[PDB]
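As structure tokens, the structure follows; a few thoughts come after it.
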Amino acid sequence: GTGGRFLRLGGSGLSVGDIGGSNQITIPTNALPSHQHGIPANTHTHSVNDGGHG
Amino acid sequence: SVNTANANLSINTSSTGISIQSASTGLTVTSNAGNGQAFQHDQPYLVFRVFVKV
Numbered sequence: 218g219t220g221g222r223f224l225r226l227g228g229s230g231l232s233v234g235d236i237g238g239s240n241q242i243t244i245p246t247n248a249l250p251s252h253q254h255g256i257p258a259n260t261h262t263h264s265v266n267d268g269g270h271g
Numbered sequence: 326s327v328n329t330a331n332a333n334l335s336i337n338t339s340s341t342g343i344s345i346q347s348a349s350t351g352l353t354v355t356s357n358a359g360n361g362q363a364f365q366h367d368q369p370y371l372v373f374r375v376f377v378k379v
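In structure tokens:
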């Protein structure tokens, strides 16, 4: 059955009638290009606790 | 003569007026996370044999 596939000559280790491939492709983890994210501007304060000192 | 004597006094505790203003952690970018790796992809296919007419 054709299966709506593409025509591929199979000289390299592919007997006649061989199938395979996939229309759906999944990006593997190691395929992700290196990139850097920017951290936005930040600002904070800490409250201070003190009962007193003699 | 008047003998030496102590003025019996003590210090009442008070909480210091102290506050902490704003600050930024200073970081602006993350660390690179990713490697550029070759990733295998194959479209659906069927394999035949080609013959050229002599």
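Heads up: the protein sequence lines correspond to chains M and O, in order. Quick note on numbering: the first sequence equals residues 218 to 271 in the authors' numbering. Quick note on numbering: the second sequence equals residues 326 to 379 in the authors' numbering. Just so you know, even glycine gets a beta-carbon here, dropped at the ideal spot from N, CA and C.
For residue 373 of chain O, the enclosing beta strand (DSSP E) starts and ends at 370-373. Residue 371 of chain O has a beta carbon lying within less than 9 angstroms of a beta carbon in chain M.
Restricting attention to O:371, O:336, O:327, O:350, the CA atom closest to the CA of residue 259 of chain M is found in O:350. Annotated as proximal: residue 270 of chain M and residue 340 of chain O, with beta-carbon spacing under 9 angstroms. Taking the beta carbon of residue 253 of chain M as reference, the chain O residues within 8 angstroms of it are 354, 355, 356, 357, listed in sequence order. Residue 375 of chain O reaches chain M at 226, counting residues in chain order whose Cβ is nearer than 8 angstroms. When C-beta atoms of the segment 364-373 of chain O are compared with those of the segment 235-252 of chain M, three or more pairs fall below 8 angstroms, so the two segments count as touching.
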